[PDB]
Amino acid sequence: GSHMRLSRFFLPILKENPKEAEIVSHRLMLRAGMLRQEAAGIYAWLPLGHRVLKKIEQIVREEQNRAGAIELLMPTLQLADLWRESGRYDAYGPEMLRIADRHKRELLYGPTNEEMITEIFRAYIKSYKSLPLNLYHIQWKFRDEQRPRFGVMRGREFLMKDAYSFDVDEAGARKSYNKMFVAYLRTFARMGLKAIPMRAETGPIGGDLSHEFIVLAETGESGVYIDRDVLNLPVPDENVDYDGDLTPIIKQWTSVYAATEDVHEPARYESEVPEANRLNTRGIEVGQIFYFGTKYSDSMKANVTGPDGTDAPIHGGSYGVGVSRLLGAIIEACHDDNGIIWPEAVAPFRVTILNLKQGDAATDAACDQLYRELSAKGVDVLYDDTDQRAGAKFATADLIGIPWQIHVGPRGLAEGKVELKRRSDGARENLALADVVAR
């Protein structure tokens, strides 16, 4: 289990708030040594930030696999011609970064991957028997956003797990859509986020199949109207049967009202949601599921032979989690006046060890000992071993958001004890040096 010492690390703390940051999470990612802007909307992820980014990446992956989706990797650069096949090339917009290689071939930095995935599908898959199929990757995208803004939350280069489903009819597709809906409730739950499924902007297709998963915040960009009972709903444990019928679970979440400003009916809101249960607020879109049937398979001629032996365009859906952007949501949703409060499951380190008289023989040895014992039992452990006063060490440990602190000085070591602090709520428990490892 990974383990670092600050004096061997790279963690550039900024004492003061950077002018260029408006919302709290940007403001905090910069001070917490997690980020550097390289161009507008384009970020280097500094060591601490990358660790968090990796953890979010892993969780998202685990839930995709748990739901049966298969991981591959598509390239950043796509041919224009591919996009011409589907009629999105000129249609997508100026946010698509266009590139010309040395041979004047037209490529773009992919903002997304429907055409590409379809291309891949039609090259290999021929019979209804291979389906359902859910193919996904976690990969960098570009949208030449008009005003790159809010640090990681409206950037231009950004990390997204995008998933793509392939079914025989609308029936199978809605089944695949359920699978991802469930996978998503779990995903966000595992990140200490209550993200709410909300019916969101459908295309010319109509119907019900489109949901944005939204975390609530007054700082947020998307506006919402919700029946508060939805904040209390339970999130399927890890044993959910994904070959089964999730309609129950889906009904449990769609039954109660949930909508964004785009598809909101005042006349239906008033008809379903009791006066006191209503809440008009805003939120942060962290995930997005969208069923698009034969939109791509038509133009691209991605067909399979049905269970009656005739060729049909496949029905598909796509499912995106804003991986890089979660970093910004998680912090908005998890901070206080002292800085970040990482949920355990996404923190860059589980515990930091703080030396309150660094250089003194006895405490230095106790730190080493805990450093090494916590290391051996697969715990992510930073040991702040810098030549710096307790006060400085607290402000940083608190700033960077590590879930547990361990305070170690000659004081407590006198009666053979260390202070353990739980960041989220300030809980503290002066403890015996020999017990703390027992978590």
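From 1 onward, residues are counted along the sequence shown.
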statement: Ranked by mean Cα B-factor in the entry, 282-290 and 100-108, top stretch is 282-290
- request: Averaging the C-alpha B factors as listed in the entry, name the stretch that ends up higher: 33-41 or 382-390.
  value: 382-390
Per the PDB entry, maximal CA B factor within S222, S176, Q139, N355: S222
Residue of maximum C-alpha B factor among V323, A259, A347, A123, per deposited coordinates: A259
query: Going by what the PDB entry lists, where does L53 fall on CA B-factor within its chain: lowest, middle or highest third?
result: lowest
message: Among the modelled residues of this chain, does the Cα B factor of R88 put it in the lowest, middle or highest third?
response: highest
message: Using the temperature factors of the C-alpha atoms in this entry, rank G316 within its chain: lowest, middle or highest third.
response: middle
- prompt: Mind checking which third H407 falls in for C-alpha B-factor across the chain?
  reply: middle
message: Can you tell me whether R143 has a C-alpha B-factor in the lowest, middle or highest third compared with the other modelled residues of the same chain?
response: lowest
